[PDB]
Amino acid sequence: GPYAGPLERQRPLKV
Amino acid sequence: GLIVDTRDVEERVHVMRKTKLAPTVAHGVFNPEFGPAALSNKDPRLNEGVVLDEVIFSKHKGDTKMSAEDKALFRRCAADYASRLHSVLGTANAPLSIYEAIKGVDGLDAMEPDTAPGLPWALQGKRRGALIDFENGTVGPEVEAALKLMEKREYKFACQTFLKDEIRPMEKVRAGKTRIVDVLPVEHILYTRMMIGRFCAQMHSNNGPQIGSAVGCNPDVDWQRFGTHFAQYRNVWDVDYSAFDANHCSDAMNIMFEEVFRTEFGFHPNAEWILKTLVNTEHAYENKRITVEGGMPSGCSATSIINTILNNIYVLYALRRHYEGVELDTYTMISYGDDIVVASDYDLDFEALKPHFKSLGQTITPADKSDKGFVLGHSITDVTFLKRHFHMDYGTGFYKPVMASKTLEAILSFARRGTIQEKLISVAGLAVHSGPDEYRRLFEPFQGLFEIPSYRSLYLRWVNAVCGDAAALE
């Protein structure tokens, strides 16, 4: 696979 | 980007440390092919003999220089996108009064109360609150000073370099692919949003397939909005970049800023400057201090926006560089940083776009690692945006974001001591869309030890978010 992993971030924090 | 010089000088920035993530009761049940990133250049699991430093900075494979023509094409793609952008955001992109650049406005969140101040505030020992009164709303001692050296255009800085204490797939873990975070001097961040914080405000507010931005969205409800829009098109692509941030060629960044932040749109003539300062950077890794040309530093504020803008221009640029009279309405897309989803009724050949993206210095590839061939036909229920798949809710007909069970288990397998209870709640919100069975299973090994939100408790809360009326009308 590439450097692109599946388990990291999502958005900064809450809106 | 491009390293112009690896040097060793005076001081040493201690970033060396352990991981605070720790196995939970879940780990001994799912045993994920995931684990904390290598934080010590001598981590017991480093795949035999590989150096940490060696790997970490190996994303800077260089800085693609462009042909006067490709440049002019980009500048045209920018002048076109930057047009349809502000034309929808209005020119309400004026500057921000100090106060606002701290407490944020309608949209933009308030600056971070206290997190890594950067250089030279650390080779000096002290917090952000120990410089700027975050509770208040104004500067401080060296703060207003830097603020003026900046105001006059004299300012120059250095990027601090952090290590990403996060969970990663065991493969990348051993490969020593620990991600780094260039944390810049907090005054730079302040002046940045003072320059375009208002632009960013509107950006967040109008996120969608229109401006092609996902920044500021709430995936939990905007998934309906998005889902429907991308259900009209013939083809849907799930593009994937390799170090998207690090490979933005110097000419691209400089030309994007120039075309997207003109005073012609209401910005301050120091927006273009403060942004151009992001090109040539100096990074301090322990005793090392490196100069990096090109590529954008992942850490500064507005990062996601800048990258998004870029990602959008690249798609227009690349297509025009291969197709006949391609316009913004030829297709539709929406990106978050580097994550991207494109749609067009025309059967575009992304396989023939690798080169045109290469001219920018971006190596594109398909998400679903299958036969790594940019295929067609693909629909909204194939792609994965923000690690969330677009699933039709067989109960309300509305779309819902579903994260691969595996990926979820990984999140539940590692948590810093004692946070479990609050994370189990946060994470629980993400897992409700995996169904009732997978919900139970993902938390099954927690009963009698913690408070597990009833599947009902959450479904209902989500329902009164995607459509408040849909809850009552039912």
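With an 8 Å cut-off on Cα pairs and a minimum separation of 6 or more residues, tell me the relative contact order of the range B:210-298 in percent.
Values: 60 pairs, mean separation 25.0, N = 89.
So the answer I get is 28 percent.
Can you classify the range B:282-414 as rounded, prolate or oblate using the Cα gyration tensor, where a ≥ b ≥ c are the square roots of its eigenvalues, rounded means a/c under 1.5, and otherwise it's prolate if a/b beats b/c and oblate if not?
Because a/c hits 1.5 or more and a/b fails to exceed b/c, the range B:282-414 counts as oblate.
For the range B:1-100, what's the relative contact order in percent, using C-alpha pairs closer than 8 Å and at least 6 residues apart? Show your work: numbers first, answer last.
Numbers: 29 pairs, mean separation 32.5, N = 100.
Relative CO of the range B:1-100 lands at 33 percent.
Using only alpha carbon pairs under 8 Å that are at least six residues apart, calculate the relative contact order of chain B and give it in whole percent.
Value for chain B: 23 percent.
Can you give the helix-only mean residue ellipticity at 222 nm for chain B, where every DSSP H stretch with n ≥ 4 adds -39500 (n - 2.57) and the sum goes over all residues, rounded to the nearest 500 deg cm²/dmol?
-10500 deg cm²/dmol
Between rounded, prolate and oblate, where does the range B:23-83 land on the alpha carbon gyration tensor, with a ≥ b ≥ c its root eigenvalues, rounded for a/c under 1.5, else prolate if a/b exceeds b/c?
Oblate shape, in that a/c is at least 1.5 and b/c is the bigger or equal ratio.
Which shape class applies to chain B: rounded if a/c is under 1.5, otherwise prolate when a/b exceeds b/c and oblate if not, where a ≥ b ≥ c are the square roots of the Cα gyration tensor eigenvalues? Can you show the working numbers first?
Working: a/c = 1.34, a/b = 1.11, b/c = 1.22.
Verdict is rounded for chain B.
Laboratory data are not the source of any read-out in this text; all were calculated from the coordinates shown.
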